[PDB]
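In the form deposited in one PDB entry, a lone chain appears below as structure tokens.
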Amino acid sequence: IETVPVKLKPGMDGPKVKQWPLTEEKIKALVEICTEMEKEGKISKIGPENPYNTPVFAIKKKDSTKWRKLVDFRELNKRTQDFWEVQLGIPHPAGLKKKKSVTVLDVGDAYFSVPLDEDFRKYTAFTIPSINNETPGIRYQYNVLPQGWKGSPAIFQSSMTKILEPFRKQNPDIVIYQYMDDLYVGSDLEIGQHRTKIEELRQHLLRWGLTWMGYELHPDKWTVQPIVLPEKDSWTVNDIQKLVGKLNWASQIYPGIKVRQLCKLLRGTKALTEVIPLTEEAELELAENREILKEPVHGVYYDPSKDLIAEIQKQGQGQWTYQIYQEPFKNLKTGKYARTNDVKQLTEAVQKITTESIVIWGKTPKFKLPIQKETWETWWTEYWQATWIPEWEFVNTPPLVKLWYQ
């Protein structure tokens, strides 16, 4: 095909991102993979006059044993946003979150058929490192559309539309959405039928040369996590304090939350253990709050011009709570993930949350991750199975925000 020209933004230059150290296991795995890709003309070696670099990793595809190459194009994605978001943006359907079942198909191989604009190829440079800096370490750039680059499906969009034209016409109540290397297919059908339609879709795809969650996603079986309040026969000064604290912070999110009566009960300087029977006023004030918490938040709406943030809290016992928002306390979504080690678990939550985020908004969020930068950066690739990588930053975000959510 005639190659689509890609203009980088004015002012911005291509990525200069250092490669995180890899283990021998993964370096050998990458050397094997890159050799074949060279033979197949997908990548070519480059000289020192290419100053750019993007990191690479090796993972195992979700529930499998072969190694897969995963290029981290986060920088290059930021610096080419005008191309893929505005100039050739793939529109997100709101239908998708409503469907009974959504299936995720990897379609990244599609891209290796379409050549990449020769003037852009240098920006896709990357390095396979070596152990103990033995050798200078192997440098490649891409000749075809690379997996992980948000530009790739943007380009391929018109080819994907032809591939899917027959299927869509034959199935007008099935929603198909391309996000990066994956296709998202949603139907209201009986699950047996759904899977029959997926196999049918596989066969269409197969004719263009293309061979933390369950098989399918169930969006309509996603509902809120109410901030719940305990129910007891006997209450202590401490319990009330904890409750007022919990209620207090809740009132920044939910308008109408009230604690006037509750506070009245604590008047004095009382021992924490001393029990305190509730008055009719207060019990009714509590009941009123409890009503407000079950229901959704009024006034909070997704703004497509703003980044999504995700905060995650470690609840112990393999439990993790999480909130998605754009402006603090205007939560667009809240949830919980359950059940290994802290890092394995945390990476499972991130991928799960990201996936839901793609389904609901066609956007991944920037994660605030409760963990040491280095610990995270060493280990995450051991359990990562997604084809994409979200933006993350690291935080020390205690203390009772933890208790306020579970």
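In case it trips you up, residue 1 is the first one in the sequence shown, and so on.
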Does residue 303 have no coordinates in at least a third of the other PDB entries examined?
no
Other compared entries: residue 85 unbuilt in at least a third?
yes
Note how many residues of the deposited chain are left out of the model between residue 211 and residue 212; the options are none, 1 to 3, 4 to 9, and 10 or more.
10 or more
Could you tell me how many residues of the deposited sequence sit unmodelled between residue 339 and residue 340 (none, 1 to 3, 4 to 9, 10 or more)?
4 to 9
Can you let me know which of the two, 42-50 or 360-368, has the higher average C-alpha B-factor in the entry?
42-50
Comparing mean C-alpha B factor in the record for 346-354 and 61-69, the higher one is 61-69
Of the choices 304, 136, 316, 255, which one's C-alpha carries the largest B-factor in the record?
255
Of the residues 89, 186, 153, 226, the one carrying the largest Cα B-factor as recorded
226
C-alpha B factor of residue 192, ranked within the chain: lowest, middle or highest third?
middle
Third assignment of residue 221 from its chain's C-alpha B-factors:
highest
Chain third (lowest, middle, highest) by recorded CA B-factor, residue given as residue 277
highest
Select lowest, middle or highest to describe the third in which the CA B-factor of residue 122 falls within its chain in this entry.
lowest
Mind checking which third residue 96 falls in for C-alpha B-factor across the chain?
lowest
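The same protein has a further form, the form deposited in another entry, not shown here; the description that follows concerns it.
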Pick from 259, 102, 224, 120: which one is at the hinge of the rigid turn seen between the shown form and the other one?
224
